[PDB]
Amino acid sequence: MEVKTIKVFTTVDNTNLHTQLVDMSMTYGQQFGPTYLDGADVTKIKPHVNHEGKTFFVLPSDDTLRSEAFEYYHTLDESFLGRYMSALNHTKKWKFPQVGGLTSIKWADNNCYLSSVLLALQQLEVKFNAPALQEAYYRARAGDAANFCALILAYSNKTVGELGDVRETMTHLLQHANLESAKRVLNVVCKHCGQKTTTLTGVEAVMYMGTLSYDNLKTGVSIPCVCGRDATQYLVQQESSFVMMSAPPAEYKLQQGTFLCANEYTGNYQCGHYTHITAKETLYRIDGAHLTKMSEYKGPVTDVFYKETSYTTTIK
């Protein structure tokens, strides 16, 4: 009359599915512990009829599946799956509208920051090393960003609903991007202590915190010298596809044809809200699902992105 077969697959990494068959009445976690279905912690529930021809998620077991896990996520954190899944349950419910040629995110659970992140990535010539993030990303550029967004939260150790910093979040992400040929060379000139040269590669090649202006970093920013005077730091060589200038939110003028895109942070020492500014045939302000165009802008900017190929200096 019946059978104890529901026929579903178990995996860790979307790609390669395994197969373990259990009874119709045997629950999932009483035998294989932490198990999920699209985020739904199905650890304590009975198998059904719709559960067929599908796929499932579990923690690795035989120390081979931990290798199969790493070769998709680039992490050895076992808590990653749970924090990713507990967050996918919420992200799957969000809406991803095409504002101004790009995939955005509708206001929800304080995701405005995640919105700037996603909006800027689609403007930068960048790729991910981790396969999870590159596949999730491809779908995200098409309107399917529920997994991308959940990933980001997981790589950043942030929960849904939690407030966030776009710069810090970009940093967690670039850790998993290809920036090995990214190269920045800085000189610091002290009147007394002499001239030092330093080289930076990887993420640190493309991040900076202290000025929004890429042009200031080329003509000299003022830093303290170890001897008590002020010295002058300046870019001597940059090799990357983009740079990201960042500074504590402060009023800044944004006029088209001088930058790529950017993000503003309106708020205070506690709370705050991000909206994204991008440059097209004119300026687009993108707050979540809302667009506004303007000739010029001025407001609390905190990060600016600039296109780069290769730059060398005209100083010393």
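The numbering used is simple: start at 1 and walk along the sequence shown.
For the pair 176-184 and 200-208, the mean Cα B-factor is higher in 176-184. The deposited model assigns a higher average Cα B-factor to 45-53 than to the other stretch when 45-53 and 246-254 are compared. Of the residues listed, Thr282, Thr275, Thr64, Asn268, the entry assigns the biggest Cα temperature factor to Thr64. Sorting the modelled residues of the chain by their CA temperature factor places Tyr297 in the middle third. When the modelled residues of the chain are ordered by their C-alpha B factor, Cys193 lands in the middle third. For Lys218, the recorded CA B-factor ranks within the lowest third of the chain. Only modelled residues enter the ranking. When the CA B factors of the chain's modelled residues are split into thirds, the value for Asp287 lands in the middle one.
Among all modelled residues in its chain, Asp77 ranks in the highest third by Cα B-factor.
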